[PDB]
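Worksheet for the structure shown next.
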Amino acid sequence: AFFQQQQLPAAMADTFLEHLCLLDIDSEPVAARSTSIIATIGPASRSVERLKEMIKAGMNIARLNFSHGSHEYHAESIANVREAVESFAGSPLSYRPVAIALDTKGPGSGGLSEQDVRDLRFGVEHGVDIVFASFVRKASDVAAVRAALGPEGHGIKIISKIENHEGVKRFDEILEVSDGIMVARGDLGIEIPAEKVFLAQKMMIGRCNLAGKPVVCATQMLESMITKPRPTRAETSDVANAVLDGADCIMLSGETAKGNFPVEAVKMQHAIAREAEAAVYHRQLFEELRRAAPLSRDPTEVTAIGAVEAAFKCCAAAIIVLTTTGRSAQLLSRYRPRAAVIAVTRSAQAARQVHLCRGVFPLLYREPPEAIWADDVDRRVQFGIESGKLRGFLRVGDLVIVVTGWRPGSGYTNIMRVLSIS
Amino acid sequence: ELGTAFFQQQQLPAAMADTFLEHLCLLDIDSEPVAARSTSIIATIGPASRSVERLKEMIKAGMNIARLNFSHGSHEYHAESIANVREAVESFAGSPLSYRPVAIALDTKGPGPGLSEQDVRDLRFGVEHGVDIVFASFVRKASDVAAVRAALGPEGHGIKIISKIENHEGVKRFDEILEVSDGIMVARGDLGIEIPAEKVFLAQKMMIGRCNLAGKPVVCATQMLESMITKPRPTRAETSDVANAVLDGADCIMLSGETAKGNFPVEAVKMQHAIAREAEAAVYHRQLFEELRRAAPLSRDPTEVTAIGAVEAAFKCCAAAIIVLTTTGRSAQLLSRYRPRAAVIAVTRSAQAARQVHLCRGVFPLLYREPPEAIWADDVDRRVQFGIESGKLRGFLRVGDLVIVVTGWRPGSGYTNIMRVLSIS
Amino acid sequence: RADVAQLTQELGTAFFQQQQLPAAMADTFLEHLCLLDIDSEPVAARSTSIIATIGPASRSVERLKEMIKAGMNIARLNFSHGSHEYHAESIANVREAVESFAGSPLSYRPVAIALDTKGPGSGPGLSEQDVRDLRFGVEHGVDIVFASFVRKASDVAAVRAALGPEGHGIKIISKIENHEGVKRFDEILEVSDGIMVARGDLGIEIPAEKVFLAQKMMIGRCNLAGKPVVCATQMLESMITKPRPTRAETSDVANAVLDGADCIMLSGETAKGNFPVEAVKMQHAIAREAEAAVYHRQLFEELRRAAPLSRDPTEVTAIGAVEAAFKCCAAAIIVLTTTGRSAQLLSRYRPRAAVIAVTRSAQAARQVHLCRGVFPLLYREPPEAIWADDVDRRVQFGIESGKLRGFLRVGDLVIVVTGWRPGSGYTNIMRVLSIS
Amino acid sequence: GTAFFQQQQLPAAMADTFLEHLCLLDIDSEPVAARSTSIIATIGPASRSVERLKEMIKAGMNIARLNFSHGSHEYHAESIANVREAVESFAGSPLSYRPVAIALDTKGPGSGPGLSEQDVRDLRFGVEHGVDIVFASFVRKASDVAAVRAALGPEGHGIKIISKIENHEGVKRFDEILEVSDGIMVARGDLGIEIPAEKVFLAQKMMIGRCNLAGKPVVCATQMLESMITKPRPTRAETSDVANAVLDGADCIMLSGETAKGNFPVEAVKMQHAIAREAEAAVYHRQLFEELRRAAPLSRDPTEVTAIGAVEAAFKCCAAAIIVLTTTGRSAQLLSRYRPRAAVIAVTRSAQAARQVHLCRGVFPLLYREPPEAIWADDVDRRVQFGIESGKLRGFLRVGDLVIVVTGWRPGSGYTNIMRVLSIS
Ligand SMILES: O=S(=O)(NCc1ccc(Cc2ccc(O)c(O)c2)cc1)c1ccccc1
Ligand SMILES: O=S(=O)(NCc1ccc(Cc2ccc(O)c(O)c2)cc1)c1ccccc1
Ligand SMILES: O=P(O)(O)OC[C@H]1O[C@](O)(COP(=O)(O)O)[C@@H](O)[C@@H]1O
Ligand SMILES: O=P(O)(O)OC[C@H]1O[C@](O)(COP(=O)(O)O)[C@@H](O)[C@@H]1O
Ligand SMILES: O=P(O)(O)OC[C@H]1O[C@](O)(COP(=O)(O)O)[C@@H](O)[C@@H]1O
Ligand SMILES: O=P(O)(O)OC[C@H]1O[C@](O)(COP(=O)(O)O)[C@@H](O)[C@@H]1O
Ligand SMILES: O=C([O-])C(=O)[O-]
Ligand SMILES: O=C([O-])C(=O)[O-]
Ligand SMILES: O=C([O-])C(=O)[O-]
Ligand SMILES: O=C([O-])C(=O)[O-]
Ligand SMILES: [K+]
Ligand SMILES: [K+]
Ligand SMILES: [K+]
Ligand SMILES: [K+]
Ligand SMILES: [Mg+2]
Ligand SMILES: [Mg+2]
Ligand SMILES: [Mg+2]
Ligand SMILES: [Mg+2]
């Protein structure tokens, strides 16, 4: 029964053609949904009660579109998101962190506009986790956004939106200085021929996967759901193909901001992403990512590849990793393990931000500390196991890979352990 | 010899990549497509696309197959649509650069326990009106195909039966259906109501993969550019869907309400043409050819053996075309199954085979009507030169190019066994 | 170039020109061959063990010390000739030469003692002389038995029974020397600790032109099973009388290593020849060149694809450790082992990094020479009060001994493999450590 | 049949990995194909008798090597006459006649910087006596090859120059030497004294790999069966060395003292024949063909394009043979470079080309002696039928086998462009 589920016959295929031939509509997905969902907050999704339903449906990142609405409007949206998120904090083993992303208005006819400087300052003051920087055309645009965030915004992730020909042509220099990328297909589809957008999307996703940096696919993914309860056949195909392409996140704009079915749009992206993740041909994907990732003398990078290899060898249900900044979890995610990456962190901001990385499930640790550091580490690993059992990731008898470091503080991950559950 | 400009076009840097990941990383929006569009476009005929003048614009835009939906309209209405298609097609007979065959496909209303009475009558209408293809609705098992075949009667055994897979049973019994069918249509409209909407992409990719393995045509259909029924431009999901159906391996892509009743039928055809050309250049031929070769069983059939040798030879020299002489279309179909980048120019005396080979990706039919030469070898050479001169006129070939030529050792269908390398003079 | 660019700037272009590294980075086996370079010098310690047959040319204590220095790892006693008294004196001379280097535990070289049986002769199974010779082996503490003319699984069960309850730790290496042994190979390998491709008799029992097929098949199946395989007989035959071997002989040694042999053997070359020390030096020089020429990119990929999924934590840790070692160009993998098993499971994935096996068992230290790339370090300190401290001291002993021997250098990365509790069978941890 | 797929290591040939290919090698799986690696035997006192030479031709000797380091011109002229007399004693049965090449191995430069005066005289003797090949000793750079070519004069333009790599400089300047040479010899005797003995296998494997990539013949030489100079059977290292030279990709294997002066010249040839047949069946063609195709550059030469198409077609149908008509041997050499499992039966009228194609693995030369037919197409057909009749008599072909036939569009060398699938009747 285990080997009939989650497209495992198609996963064992010797060629990509045979993998396609073995895909089975009756093979049910079992793993938790790996690709994060970004939902744009607006009149249709602003209330606390509506936001609770969207969190339950699968929303991981709330997007604030600063092209419309005042600072007062956006501050109320942020407060409503935080109220809905904290309503589930009473059960720490099941609590789900939700990131808040600020999407800038952009440069308009201008570099960094004066409104963007004020909006970025608002973001830092309100503790946003991510900035989706509009119309990034070159590396100096990213440096300007970074400078506008100041010393208090050092920890905010900058995701550069590629929306025109120049952004595509200067992609490598933009990715180098960015934390990640958004394929902003709306403007991209007007700036370059509509029939070429799929080439830009596939190229950018491939380069972000190679760099190990998050990539978001955005705009018109389930467009018809703004007025209709069910999407078109092209829309479900688009969501599935963005996941198969290698996107870390998928996005909803008008579908959740102003449409009549915001919760249903989130549920639809969740249902498609789960099916598409099981249909990923891991045999070729892992081989290619492993071959292309450069040789490294960084112990976190070395431990990450060893852990992902070990996970595939034993069909590990999960890789439990301790992380301060999210970096150790991101380096595991870049190798696209089938095993869920359960990231145990004390940082509420890192817990929200790791939603940008495919297959990272953040757990915010709030248990009393242990006097002995080695005992504190072990208690965090047991917390990952207990949350994993409650959420359906793990069962007694499963094997897990545990990734830790040799001393406290960020940057010292160097250990991988094989553990039997219970 | 060819220049650096040649190797920058048609996604050639991405084509030379050693891995699929590197192939994706090398895709370039500035690398322009050069080859002729190989995925056929099926447009549904209706009130928005029935007039002779509108049909001429749709042929110019790229329509290769006209679909008649027998779920609506009388026999008289469909006979007038067929006459209008034929009138629009024959209006280009004066210019060899513009004349193109257009297939006519009858899409049945569907089943009741067996073949419905209306389907028996509609299939008989198809034979009487000389249709080329039947898109058989709601095929659930091999006996449904046998019933459609029997209803094509004494005169219509040459009509191609494309089975529409629209429900759970058709998906589960796919192998037995494909075995007795000429091809398959992934009919996503009903399929998306019969099975969970989130599973349709799995059924589409599986059916396309199995048809590619079997060397039989597969059509991707329904809601590909849906928003274009009322809007002049499609959504980002719609252009992505068309490109991904071509990258999946679909031989044909289809338009339904977009051309039958929408406000922009010509624009919908133009959009499918533009996307398909871009997506065909983005196909990773290096892995695709290797996998089709490895999966295809060994064969002692000379047509099959010649086809793989010709496709291998075409890749070796960057051949502009493979010119094949065919009476039934079979030798061209066996070349098409290996997905050459070279266009397959199929020269035939059969008007029906010329229309039907539009079902096979990358087959460009040329209908030959000259009186037959007394010496067979001279008649073969005249048809090969007709393919070369048509290719020159249409932009496929230039003097100095290399072409692969596929013929047989004697007249009649079934004897293809020869592959030649010719320098265009 | 992007996959090695940062490491090339850090370690230098000279590092990536040595040990056939340009040929190692090739995308195809054909390109790997085209890039093999006679100017690319080997750097790694020799990983294929050398078995030398003891005889009149190599029996003295002084001669044995030179053979240990030249690279002999396993001493073979051929029980087809010589009395029990003769073989007991050979064993005592080997042990005296081995213990003459015990003064420095960090450098000392364990040497295994292997008993090669006379065989069944015209009989159907275990002969009476073999029963007596196997009892002599147990009484004299031999580490390995090379069982002659093994034809079926019941032959190895008979050898096992003759070793008695006190010889349970002795490794049984089945010699495949005839058609039946080749045809029943799978059942023989299943119950054996390893195999010897005994080409002398095999080349008379089957057509001489088919021996290479049997050798390549048996080496491939042993590599797939993760069990040691020895290539034997006439590898450097002309060196019995000449100081230099023929072109076919150097080729044969290199190809046995490239095929995947864990051990290579010398018979008359060391037992009776005029150049026993030179024959050992020649096998050492060829094996180091051939080990660097192994196409690890395809070999590692194929060993992972063919090896079934495992729920054994030692097996899971071993593949993770070998993958980590390749990622950082690790100098060594340091492993703690009681029986040798954790080191054997690392060895089956054929890492380029040396596997430094730290053990308290003198017998396991001798026996791990059967596994390619395992360098045994015998730890003699009494146990620390706290088990975690005792584990740490053994890891540090491997590091310090490694540095003092040129295996490790300051700045190198090392992979360390340990377990969660004392006793054999609990290896489950892999650590990345920087050498300071 | 199942018996067919159990022979010639076919279970090991179908393996998905090289490791699984090794695990499936079977000592009971008998070789079926004809031996494709040529055997060069050095002529000396043990192999000069016309009667002894007839036995060596029957045992499998394809090339007779004359070592000009020993013996006078008078001695070598008698060797040549004895070889020719033994070879021509079988000319009375044209369907079984085996051509045998004559190769002149030069003394070398000695302590000098380039072409010695004795080599100039020996090379002139070679041209005057019609030798087919020159094995040029101690080639260190491209100018050494040009000097050998100049010494052959205007009448020796058709002689093949095989450069012997015997020292460090030859290995380091390998690429420039291969570029101007017809092929290479890995001369392990001197190479093993000029560089450390333990590094010779690296130079051998590298040079064989680069020659396979370039599509040029490579010879493995010296001490392959050394102990057979005095003993009836070789050592285990010697049989392994022969098998590994074939597995490495050598086109030819050589015997020196084993045939020139030893007591078992015929047995040494029989032993190389037996080992080479076993080793050729153990070649992992799945990976080898894939890598040769991937590495071989794109080509606009029709002979090269036809060759890859023909080899691909041969693998698809398990063709018993590829029958090629050739004037210079070039069309057969281009087929050989893709290492088909099918035997390349090369039909030629050139006695010299028939002798020289023995340098290319898997090429079986057939010398055609009939004068040209009046109709060129009939002359082509008669030569193809001669290849079939020779193949049937020699055991290469049987009724029911498929063969690939490679011809050109006009008489004269350089116009091969046709591949055809033929059933043996
Ligand atoms: O491992 S992957 O999932 N590769 C998917 C993939 C797609 C197309 C083809 C080429 C082909 C196209 C269509 C075919 O039907 C067919 O047989 C072959 C081969 C492989 C992967 C994904 C993302 C990044 C790296 C790697
Ligand atoms: O297709 S071939 O015959 N390749 C042979 C080959 C040998 C070793 C390995 C590396 C390895 C892998 C697995 C092993 O078991 C093992 O002993 C060594 C991989 C491939 C071929 C020959 C020549 C040129 C191109 C191609
Ligand atoms: O992923 P990051 O940010 O590098 O954090 C990993 C760090 O987490 C740990 O596992 C635990 O550290 P803390 O006890 O400081 O939380 C460290 O050993 C390791 O360096
Ligand atoms: O593709 P099909 O229908 O098998 O037809 C291929 C046939 O066409 C030819 O090339 C030409 O045949 P005709 O002269 O009869 O048209 C034959 O030699 C070959 O058998
Ligand atoms: O390779 P083996 O024989 O399984 O030994 C590995 C064992 O060695 C250890 O690392 C140390 O164990 P000891 O303290 O008993 O020597 C164990 O944790 C582990 O189980
Ligand atoms: O291999 P080569 O030397 O190019 O010879 C191939 C030539 O042989 C032929 O098949 C037959 O030519 P001939 O009739 O002159 O012998 C030509 O058509 C072709 O060009
Ligand atoms: O800004 C965006 O999100 C877009 O243009 O798609
Ligand atoms: O009939 C169709 O085309 C469908 O249901 O998609
Ligand atoms: O016994 C042996 O070692 C042999 O036969 O090779
Ligand atoms: O000259 C030769 O043949 C050699 O040195 O091997
Ligand atoms: K915005
Ligand atoms: K219909
Ligand atoms: K013995
Ligand atoms: K000479
Ligand atoms: Mg935008
Ligand atoms: Mg329908
Ligand atoms: Mg023996
Ligand atoms: Mg020499």
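By convention here, the chains of the structure tokens are called A, B, ... in the order presented, each chain's residues are numbered starting at 1, and ligands are numbered starting at 1 in the order presented.
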Just want the 8 Å neighbourhood of residue 427 (chain C), counted on only C-alpha atoms, with same-chain residues fewer than 4 positions away dropped. Output as a list in words. residues 313, 314, 317, 342, 417, 418, 419 and 420 of chain C
Using only C-alpha atoms, tabulate the residues of chain D lying at most 12 Å from any atom of chain A, each with its closest atom pair and that distance in Å to one decimal, by chain and increasing residue number, as CSV.
residue,atom,partner,partner_atom,distance
D:15,CA,A:14,CA,11.9
D:16,CA,A:14,CA,8.6
D:17,CA,A:14,CA,11.0
Could you list, as a PyMOL selection string, every residue within 6 Å of region 211-224 of chain D, counting only C-alpha atoms and ignoring same-chain residues fewer than 5 positions away? (chain C and resi 247-248) or (chain D and resi 183-189+238+250-254+337+359-360)
Find the spatial neighbours of residue 413 (chain C), counting only C-alpha atoms, within a cut-off of 12 Å - ignore same-chain residues fewer than 6 positions away - and output them as a PyMOL selection string. (chain A and resi 296-299+302-303+414) or (chain C and resi 324-334+353+399+403+407+431-436)
Write the residues you've just listed into a file as a short mmCIF file (atom, residue, chain, number, x, y, z; two decimals), in the first residue's frame, and include N, CA and C atoms for each of them.
data_model
loop_
_atom_site.label_atom_id
_atom_site.label_comp_id
_atom_site.auth_asym_id
_atom_site.auth_seq_id
_atom_site.Cartn_x
_atom_site.Cartn_y
_atom_site.Cartn_z
N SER A 296 31.99 22.22 -1.85
CA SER A 296 32.01 23.22 -0.79
C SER A 296 32.75 22.76 0.41
N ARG A 297 33.39 23.69 1.10
CA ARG A 297 34.05 23.40 2.36
C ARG A 297 33.29 23.99 3.57
N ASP A 298 32.06 24.46 3.36
CA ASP A 298 31.19 25.00 4.39
C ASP A 298 30.52 23.79 5.05
N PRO A 299 30.71 23.59 6.36
CA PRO A 299 30.11 22.41 7.02
C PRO A 299 28.59 22.32 6.96
N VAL A 302 27.90 20.91 3.46
CA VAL A 302 28.34 19.53 3.44
C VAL A 302 27.36 18.62 4.21
N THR A 303 26.91 19.08 5.39
CA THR A 303 25.97 18.30 6.19
C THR A 303 24.63 18.18 5.46
N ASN A 414 26.84 20.96 11.69
CA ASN A 414 27.86 20.05 11.21
C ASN A 414 27.54 18.58 11.51
N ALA C 324 29.01 13.25 1.76
CA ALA C 324 29.57 14.45 2.38
C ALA C 324 31.07 14.56 2.06
N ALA C 325 31.81 13.43 2.11
CA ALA C 325 33.23 13.42 1.82
C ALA C 325 33.52 13.90 0.39
N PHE C 326 32.74 13.43 -0.60
CA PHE C 326 32.91 13.85 -2.00
C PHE C 326 32.61 15.34 -2.17
N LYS C 327 31.59 15.86 -1.46
CA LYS C 327 31.18 17.26 -1.54
C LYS C 327 32.27 18.24 -1.16
N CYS C 328 33.08 17.89 -0.15
CA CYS C 328 34.12 18.80 0.34
C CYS C 328 35.52 18.37 0.03
N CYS C 329 35.72 17.30 -0.78
CA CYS C 329 37.05 16.75 -1.07
C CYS C 329 37.74 16.38 0.24
N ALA C 330 36.99 15.73 1.15
CA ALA C 330 37.51 15.35 2.46
C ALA C 330 38.75 14.51 2.34
N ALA C 331 39.68 14.76 3.25
CA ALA C 331 40.94 14.02 3.23
C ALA C 331 40.72 12.58 3.75
N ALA C 332 39.86 12.42 4.75
CA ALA C 332 39.61 11.12 5.35
C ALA C 332 38.22 11.05 5.98
N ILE C 333 37.72 9.83 6.22
CA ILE C 333 36.51 9.55 6.96
C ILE C 333 37.01 8.76 8.19
N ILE C 334 36.85 9.31 9.40
CA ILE C 334 37.30 8.62 10.61
C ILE C 334 36.12 7.88 11.19
N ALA C 353 38.15 9.50 -0.22
CA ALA C 353 38.70 9.74 1.10
C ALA C 353 39.10 8.43 1.76
N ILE C 399 42.46 11.65 14.45
CA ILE C 399 42.85 12.95 13.89
C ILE C 399 44.33 13.19 14.07
N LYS C 403 47.12 13.36 11.13
CA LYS C 403 47.97 14.53 10.89
C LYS C 403 49.45 14.12 10.88
N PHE C 407 48.02 12.02 6.33
CA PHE C 407 46.68 11.75 5.82
C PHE C 407 45.85 13.05 5.93
N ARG C 431 29.58 13.55 11.31
CA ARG C 431 29.95 14.93 11.66
C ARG C 431 31.00 15.48 10.69
N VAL C 432 30.92 16.77 10.36
CA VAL C 432 31.89 17.43 9.50
C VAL C 432 32.81 18.24 10.44
N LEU C 433 34.11 17.91 10.46
CA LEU C 433 35.07 18.61 11.33
C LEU C 433 36.20 19.28 10.55
N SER C 434 36.58 20.49 10.97
CA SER C 434 37.67 21.22 10.33
C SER C 434 38.96 20.92 11.11
N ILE C 435 40.05 20.57 10.41
CA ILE C 435 41.30 20.25 11.07
C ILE C 435 42.05 21.54 11.46
N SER C 436 42.33 21.72 12.75
CA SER C 436 43.04 22.91 13.21
C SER C 436 44.45 22.59 13.70
#
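Where the distance criterion is 7 Å and the atoms used are only C-alpha atoms and all ligand atoms, the residues close to ligand 8 are residues 137, 166, 187, 188, 189, 190, 191, 221 and 222 of chain B.
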Please write the residues from the selection above to a file, keeping C-alpha atoms, as a short mmCIF file (atom, residue, chain, number, x, y, z; two decimals), in the first residue's frame.
data_model
loop_
_atom_site.label_atom_id
_atom_site.label_comp_id
_atom_site.auth_asym_id
_atom_site.auth_seq_id
_atom_site.Cartn_x
_atom_site.Cartn_y
_atom_site.Cartn_z
CA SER B 137 -16.99 11.14 -27.26
CA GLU B 166 -13.50 12.07 -20.52
CA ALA B 187 -11.06 15.97 -23.24
CA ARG B 188 -10.42 18.10 -20.14
CA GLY B 189 -13.89 19.68 -19.88
CA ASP B 190 -15.79 16.53 -18.93
CA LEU B 191 -12.65 14.94 -17.43
CA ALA B 221 -8.31 20.07 -25.56
CA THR B 222 -10.68 22.49 -23.73
#
Taking only C-alpha atoms into account, what are the residues of chain D at most 6 Å from chain C, put as a PDB file with N, CA, C and O atoms, in the first residue's frame?
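Output contents, as saved in part28.pdb:
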ATOM      1  N   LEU D  22      28.413  -5.862 -15.777  1.00  0.00           N
ATOM      2  CA  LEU D  22      29.466  -6.744 -15.278  1.00  0.00           C
ATOM      3  C   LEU D  22      28.870  -7.948 -14.572  1.00  0.00           C
ATOM      4  O   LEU D  22      29.291  -9.073 -14.834  1.00  0.00           O
ATOM      5  N   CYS D  23      27.885  -7.721 -13.668  1.00  0.00           N
ATOM      6  CA  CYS D  23      27.223  -8.786 -12.906  1.00  0.00           C
ATOM      7  C   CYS D  23      26.546  -9.813 -13.803  1.00  0.00           C
ATOM      8  O   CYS D  23      26.385 -10.951 -13.387  1.00  0.00           O
ATOM      9  N   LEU D  25      27.680 -10.785 -16.910  1.00  0.00           N
ATOM     10  CA  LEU D  25      28.598 -11.462 -17.838  1.00  0.00           C
ATOM     11  C   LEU D  25      28.588 -12.960 -17.533  1.00  0.00           C
ATOM     12  O   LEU D  25      28.588 -13.349 -16.369  1.00  0.00           O
ATOM     13  N   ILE D  27      30.093 -16.837 -18.580  1.00  0.00           N
ATOM     14  CA  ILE D  27      31.076 -17.673 -19.261  1.00  0.00           C
ATOM     15  C   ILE D  27      30.422 -18.719 -20.195  1.00  0.00           C
ATOM     16  O   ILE D  27      31.087 -19.213 -21.094  1.00  0.00           O
ATOM     17  N   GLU D 198      54.466   1.677 -14.200  1.00  0.00           N
ATOM     18  CA  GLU D 198      53.157   1.753 -13.571  1.00  0.00           C
ATOM     19  C   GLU D 198      52.238   2.834 -14.165  1.00  0.00           C
ATOM     20  O   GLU D 198      51.088   2.921 -13.761  1.00  0.00           O
ATOM     21  N   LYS D 199      52.739   3.680 -15.086  1.00  0.00           N
ATOM     22  CA  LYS D 199      51.927   4.715 -15.724  1.00  0.00           C
ATOM     23  C   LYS D 199      51.508   4.334 -17.169  1.00  0.00           C
ATOM     24  O   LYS D 199      50.681   5.028 -17.752  1.00  0.00           O
ATOM     25  N   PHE D 201      49.579   1.997 -18.418  1.00  0.00           N
ATOM     26  CA  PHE D 201      48.134   1.756 -18.600  1.00  0.00           C
ATOM     27  C   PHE D 201      47.329   3.067 -18.767  1.00  0.00           C
ATOM     28  O   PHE D 201      46.330   3.071 -19.478  1.00  0.00           O
ATOM     29  N   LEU D 202      47.764   4.164 -18.113  1.00  0.00           N
ATOM     30  CA  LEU D 202      47.096   5.463 -18.220  1.00  0.00           C
ATOM     31  C   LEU D 202      47.303   6.006 -19.634  1.00  0.00           C
ATOM     32  O   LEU D 202      46.359   6.517 -20.232  1.00  0.00           O
ATOM     33  N   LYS D 205      45.152   3.765 -22.126  1.00  0.00           N
ATOM     34  CA  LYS D 205      43.725   4.063 -22.056  1.00  0.00           C
ATOM     35  C   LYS D 205      43.383   5.429 -22.610  1.00  0.00           C
ATOM     36  O   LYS D 205      42.376   5.563 -23.310  1.00  0.00           O
ATOM     37  N   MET D 206      44.232   6.439 -22.326  1.00  0.00           N
ATOM     38  CA  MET D 206      44.026   7.791 -22.837  1.00  0.00           C
ATOM     39  C   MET D 206      44.138   7.815 -24.365  1.00  0.00           C
ATOM     40  O   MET D 206      43.273   8.385 -25.033  1.00  0.00           O
ATOM     41  N   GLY D 209      41.182   6.009 -26.039  1.00  0.00           N
ATOM     42  CA  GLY D 209      39.999   6.862 -25.911  1.00  0.00           C
ATOM     43  C   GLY D 209      40.008   8.015 -26.901  1.00  0.00           C
ATOM     44  O   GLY D 209      39.000   8.268 -27.563  1.00  0.00           O
ATOM     45  N   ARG D 210      41.153   8.704 -27.047  1.00  0.00           N
ATOM     46  CA  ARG D 210      41.258   9.825 -27.981  1.00  0.00           C
ATOM     47  C   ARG D 210      41.194   9.382 -29.443  1.00  0.00           C
ATOM     48  O   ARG D 210      40.618  10.092 -30.265  1.00  0.00           O
ATOM     49  N   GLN D 223      54.329  -7.479 -25.692  1.00  0.00           N
ATOM     50  CA  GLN D 223      54.275  -8.407 -24.566  1.00  0.00           C
ATOM     51  C   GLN D 223      52.869  -8.838 -24.179  1.00  0.00           C
ATOM     52  O   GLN D 223      52.679  -9.297 -23.044  1.00  0.00           O
ATOM     53  N   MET D 224      51.908  -8.774 -25.131  1.00  0.00           N
ATOM     54  CA  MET D 224      50.521  -9.160 -24.847  1.00  0.00           C
ATOM     55  C   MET D 224      50.408 -10.634 -24.490  1.00  0.00           C
ATOM     56  O   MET D 224      49.649 -10.953 -23.585  1.00  0.00           O
ATOM     57  N   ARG D 236      47.743 -15.843 -16.788  1.00  0.00           N
ATOM     58  CA  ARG D 236      46.456 -15.202 -16.499  1.00  0.00           C
ATOM     59  C   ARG D 236      46.531 -13.692 -16.750  1.00  0.00           C
ATOM     60  O   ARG D 236      45.533 -13.106 -17.152  1.00  0.00           O
ATOM     61  N   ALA D 237      47.703 -13.061 -16.534  1.00  0.00           N
ATOM     62  CA  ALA D 237      47.859 -11.624 -16.789  1.00  0.00           C
ATOM     63  C   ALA D 237      47.831 -11.314 -18.288  1.00  0.00           C
ATOM     64  O   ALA D 237      47.298 -10.281 -18.684  1.00  0.00           O
ATOM     65  N   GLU D 238      48.380 -12.214 -19.113  1.00  0.00           N
ATOM     66  CA  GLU D 238      48.415 -12.058 -20.561  1.00  0.00           C
ATOM     67  C   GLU D 238      47.042 -12.142 -21.205  1.00  0.00           C
ATOM     68  O   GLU D 238      46.726 -11.293 -22.043  1.00  0.00           O
ATOM     69  N   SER D 240      44.205 -11.556 -19.719  1.00  0.00           N
ATOM     70  CA  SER D 240      43.559 -10.380 -19.176  1.00  0.00           C
ATOM     71  C   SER D 240      43.981  -9.128 -19.991  1.00  0.00           C
ATOM     72  O   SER D 240      43.147  -8.291 -20.285  1.00  0.00           O
ATOM     73  N   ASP D 241      45.270  -8.984 -20.288  1.00  0.00           N
ATOM     74  CA  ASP D 241      45.800  -7.848 -21.042  1.00  0.00           C
ATOM     75  C   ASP D 241      45.176  -7.747 -22.451  1.00  0.00           C
ATOM     76  O   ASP D 241      44.782  -6.655 -22.863  1.00  0.00           O
ATOM     77  N   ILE D 275      40.354 -14.769 -27.475  1.00  0.00           N
ATOM     78  CA  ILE D 275      40.125 -13.768 -26.455  1.00  0.00           C
ATOM     79  C   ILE D 275      39.367 -12.571 -27.016  1.00  0.00           C
ATOM     80  O   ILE D 275      38.392 -12.120 -26.393  1.00  0.00           O
TER      81      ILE D 275
END
Nearby residues (only C-alpha atoms) at most 10 Å from residue 391 (chain B), same-chain spacing under 4 positions excluded, as number ranges by chain: B: 97, 320-321, 323, 343, 345, 364, 366, 385-387, 395-398
Could you list the protein, DNA and RNA residues that have any atom within 12 Å of ligand 16, counting only C-alpha atoms and all ligand atoms, and write them as a PyMOL selection string? chain B and resi 69-71+107-111+135-139+163-167+185-194+221-223+256
